[PDB]
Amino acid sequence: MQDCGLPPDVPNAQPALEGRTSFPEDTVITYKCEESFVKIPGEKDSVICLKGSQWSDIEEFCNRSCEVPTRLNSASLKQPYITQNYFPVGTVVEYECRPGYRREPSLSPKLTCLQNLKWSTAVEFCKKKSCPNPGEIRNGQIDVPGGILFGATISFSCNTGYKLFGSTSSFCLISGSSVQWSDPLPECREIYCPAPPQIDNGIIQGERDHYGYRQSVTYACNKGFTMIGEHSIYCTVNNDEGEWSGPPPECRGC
């Protein structure tokens, strides 16, 4: 009769019958691989109802493959693997470095599917690129807690008596074809105390324009006056603010 019966049973595949058990000549039925199975490229996945109520031949076309290789932050799959989904046991793919990573020549950039149905153990074939030497800050310091490779952070500080002007930290980020420091080296500026106080019936010996950390100002009473107090005071510096060690002396008469 001009009709075929059920189509052939294909291992690990299920045919789409669409709610019927009888099919007319020239009917084309397509099979879909079952869960945990992927179709083999370059193979037939359907049958056809020919004359004599006979279905065309079909061979197993499903496997049995790894999952798509897991996403790496250091390397991307090369072509043509990057567009593939069929990875039977034994399949080996190749990677290439992303930015800002570079090859580690001693290590292979290739992975394999386990019977296991699992990709081989991952190694660091693509390593983090390094940022330039951070250099130095005059009168300050650079804190490098964890190297200077891509993704690293460094902080800046100014020695006692200096104030920091600029950025307080920098990060090694990817910059086009390489990796560079997010922010330039800041500046450590000398902190000045307020102008020293004058005193009644006394003077400051050779008063300077600016007074920095620990610098001192010496006092002297005018003729006929007695000094009561510290002969000199010095510049103290805390929390980036200058402040004199204490009050200036007094010149009492007479």
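Here, rigid core means the biggest group of C-alpha atoms that superpose within 1.5 Å across both forms. Start at 1 with the first residue shown and count on from there.
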Q.
Fitting on the rigid core only, I'd like to know which of the two stretches, 217-225 or 66-74, ends up farther away in Cα terms in 6 other deposited structures of this protein.
A. 217-225
Q. Core fit done; bigger CA RMS in 6 other deposited structures of this protein for 52-60 or for 181-189?
A. 52-60
Q) Got a sec? Mean C-alpha B-factor, which is higher, 37-45 or 200-208? A) 37-45
Q: Identify the stretch, either 213-221 or 52-60, whose C-alpha atoms have the larger mean B-factor according to the entry.
A: 52-60
Q. Whose CA atom has the top B-factor in the entry, of 93, 142, 89, 122?
A. 122
Q) Which one of 75, 148, 117, 82 shows the top CA temperature factor in the record? A) 117
Q | For residue 243, the third of its chain into which the C-alpha B factor falls | A | middle
Q) Relative to the other modelled residues in the chain, which third contains the C-alpha temperature factor of residue 174: lowest, middle or highest? A) highest
Q: Check where residue 153 lands among this chain's C-alpha B-factors and tell me if it's the lowest, middle or highest third.
A: lowest
Q) Thinking about Cα B factors across the chain, which third does residue 138 belong to? A) highest
Q: Just say lowest, middle or highest third for the CA B-factor of residue 165 relative to the other modelled residues in its chain.
A: highest
